[PDB]
Amino acid sequence: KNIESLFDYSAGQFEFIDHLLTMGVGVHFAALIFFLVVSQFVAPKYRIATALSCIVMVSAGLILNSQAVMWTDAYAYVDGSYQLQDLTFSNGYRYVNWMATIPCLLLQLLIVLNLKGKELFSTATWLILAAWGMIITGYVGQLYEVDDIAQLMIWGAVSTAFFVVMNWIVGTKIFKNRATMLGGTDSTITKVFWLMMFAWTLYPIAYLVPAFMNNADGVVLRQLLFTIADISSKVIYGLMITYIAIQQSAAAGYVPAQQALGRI
Ligand SMILES: *C/C=C(C)/C=C/C=C(C)/C=C/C1=C(C)CCCC1(C)C
Ligand SMILES: CCCCCCCC/C=C\CCCCCCCC(=O)O
Ligand SMILES: [Cl-]
Ligand SMILES: [Cl-]
């Protein structure tokens, strides 16, 4: 049901996709160790924001790892090209994983925005419901990326509605609570918003690849887009969230944070 199944791949195409996913694994697990060791310099009220980056690194790292082994499982070099065998490859498992990873990305944002208690719970709940609506309708949509492009588009429109509403909640909370933020991170958080808008928008672009580039090179392009998007939305994003957590920790008088920033 996925366009990947439609084509044979050159050694070049096949190896490049393998390398993309493997590099993705390496980058996420490398970052994981960074978030782990810096977590001790985060104040208790923000430390979970850095823990969530660890959780995202392993979750995303495992899905990329799974995609890579699925890739090599599904294809074998036969008569001069990589051809589909008995096992299958699908991006559908990415969508399932988003059900967990996207709430984590959203939660660590709310935490460094200094949301607490009832507002935290209510905002998270609405955000997670919006995200799940987006992911599920998008998941259903890509089931038709071969059989019914029209249906892919309509489900994608519904998904984009959830996407836009979710982004509006994110933007609203960021620009409203920006003033509460310490150590100059009121400026930093604005770049985080635009990073999210940029990086997250790469995913619906990848979703539409079967509509504007239905060939083996389009398959490569989609994986390339996922790689840019994953690294930007999880790794670069996590580094900024953690930077914001440490800076605010130091500004609130957390001594390990102050000492850590002093060494650099
Ligand atoms: C780490 C993974 C992330 C941040 C994934 C984010 C995914 C999206 C923003 C997906 C958006 C979609 C649309 C807005 C329309 C097409 C269907 C989706 C689910 C791909
Ligand atoms: C934050 C951005 C992260 C970027 C990650 C991607 C790094 C490698 C990107 C690709 C370089 C272009 C490779 C050439 C493609 C050759 C075409 C092919 O052989 O199929
Ligand atoms: Cl604290
Ligand atoms: Cl993920």
Side-chain angles (χ1 to χ4, degrees), residues 4 9 12-42 46-75 89-109 111-112 131 135 188-189 191-207 209 218-247 260 264:
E4 284 85 6
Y9 300 92
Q13 287 166 329
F14 178 83
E15 288 175 13
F16 181 55
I17 285 176
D18 188 43
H19 293 159
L20 280 178
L21 298 168
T22 302
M23 179 198 66
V25 173
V27 173
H28 283 78
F29 278 97
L32 165 67
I33 306 305
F34 177 83
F35 291 122
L36 173 63
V37 302
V38 173
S39 59
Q40 64 190 296
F41 308 118
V42 187
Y46 301 117
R47 196 170 299 137
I48 175 180
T50 298
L52 282 168
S53 275
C54 291
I55 292 172
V56 167
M57 289 307 104
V58 56
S59 182
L62 283 175
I63 196 61
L64 294 183
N65 182 69
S66 180
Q67 290 296 101
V69 183
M70 274 175 45
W71 184 240
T72 53
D73 276 351
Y75 291 91
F89 178 88
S90 178
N91 291 284
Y93 292 101
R94 281 186 182 267
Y95 288 71
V96 176
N97 204 252
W98 293 344
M99 298 290 293
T101 51
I102 290 186
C104 288
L105 293 170
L106 293 169
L107 184 55
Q108 58 183 169
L109 170 68
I111 293 159
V112 296
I135 298 163
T188 318
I189 197 61
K191 280 97 242 186
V192 169
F193 169 79
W194 286 106
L195 173 63
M196 295 174 72
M197 299 302 102
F198 152 67
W200 293 38
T201 298
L202 295 179
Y203 292 98
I205 296 180
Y207 172 97
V209 165
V219 166
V220 176
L221 171 59
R222 173 148 75 181
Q223 293 308 309
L224 190 71
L225 289 171
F226 279 150
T227 301
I228 302 169
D230 286 339
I231 292 177
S232 300
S233 66
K234 309 178 203 294
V235 181
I236 300 184
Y237 175 83
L239 289 171
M240 297 192 63
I241 294 293
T242 285
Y243 169 77
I244 289 180
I246 300 272
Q247 187 67 30
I264 68 179

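Values below: all heavy atoms of this structure, side chains included; hydrogens, waters and symmetry mates excluded. Numbers here simply count residues along the sequence, with the first being 1.
Heavy-atom contacts from other residues, nucleotides or ligands closer than 6.0 Å to CZ of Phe29 number more than 12. At most 12 heavy atoms of other shown residues, nucleotides or ligands fall within 6.0 angstrom of atom CD1 in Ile48.
When all heavy atoms of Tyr75 and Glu4 are compared, the closest pair comes out as OH-O, 2.8 Å. Smallest separation of non-hydrogen atoms from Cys104 and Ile55: SG-CG2, 4.0 Å. Contact between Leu106 and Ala131 at its shortest, heavy atoms only, is CD1-CB, 4.2 Å. Of all heavy-atom pairs between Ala206 and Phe226, the closest is CB-CE2, 3.8 Å. Considering all non-hydrogen atoms of both residues, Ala68 and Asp18 come closest at O-OD1, 4.2 Å. Minimum heavy-atom separation, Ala60 to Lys234: CB-CD, 3.5 Å.
For the ring-ring contact (aromatic ring centres under 6.0 Å, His included) with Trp98, the lone residue among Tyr93, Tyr207, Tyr203 that qualifies is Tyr203. With respect to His28, the side chain to side chain contact (heavy atoms under 4.5 Å, CB included) criterion is satisfied by exactly one of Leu64, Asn65, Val58: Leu64. Tested against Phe89, the residues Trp71, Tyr9, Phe14 include a single ring-ring contact (aromatic ring centres under 6.0 Å, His included) partner, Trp71. Of the candidates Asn97, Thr101, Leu21, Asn97 is the only one forming a side chain to side chain contact (heavy atoms under 4.5 Å, CB included) with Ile63. Test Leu105, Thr201, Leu109 against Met196 for side chain to side chain contact (heavy atoms under 4.5 Å, CB included) and you get one pass: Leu109.
The backbone N or O of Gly238 sits less than 3.5 Å from a side-chain atom of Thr242, completing a donor-acceptor pair. Of the possible donor and acceptor atoms, one in the side chain of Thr72 sits under 3.5 Å from a partner among the backbone N and O of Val69. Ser232 places no side-chain N or O within 3.5 Å of a backbone atom of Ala229 that could act as its donor or acceptor partner.
From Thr227, atom OG1 reaches atom NE2 of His19 across 12.5 Å, with rounding to the nearest 0.5 Å. Remark: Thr50 OG1 to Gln108 CD distance equals 8.0 Å, nearest 0.5 Å. Put simply, CZ on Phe193 and OG1 on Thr188 are 15.5 Å apart, with the number rounded to the nearest 0.5 Å. A distance of 8.5 Å separates OG in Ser39 from CD1 in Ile246, rounded to the nearest 0.5 Å. If you take OG on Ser233 and CG on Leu195, they are separated by 8.0 Å, rounding to the nearest 0.5 Å. One finds the CG atom of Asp230 at 9.5 Å from the CG atom of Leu202 (value rounded to the nearest 0.5 Å).
In this structure, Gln223 and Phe16 have side chains that are not in contact, with every pair of non-hydrogen atoms separated by 4.5 Å or more. For the pair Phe34 and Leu239, the minimum side-chain heavy-atom distance is below 4.5 Å. You'll find the side chain of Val56 stays beyond 4.5 Å of the side chain of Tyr237, heavy atoms only. Annotation: side chain of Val192 is not in contact with side chain of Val112 (no heavy-atom distance under 4.5 Å).
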Please report the C-alpha distance between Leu52 and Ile241 in whole Å, then the side-chain angles of each, then the deciding distance to 0.1 Å, and finally whether the side-chain contact (heavy atoms from CB on, under 4.5 Å) criterion is met. CA-CA 10 Å; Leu52 282 168; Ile241 294 293; over 6 Å; no

Run the side-chain contact (heavy atoms from CB on, under 4.5 Å) check on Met23 and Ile231 step by step: do they pass? CA-CA 10 Å; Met23 179 198 66; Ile231 292 177; 4.3 Å; yes

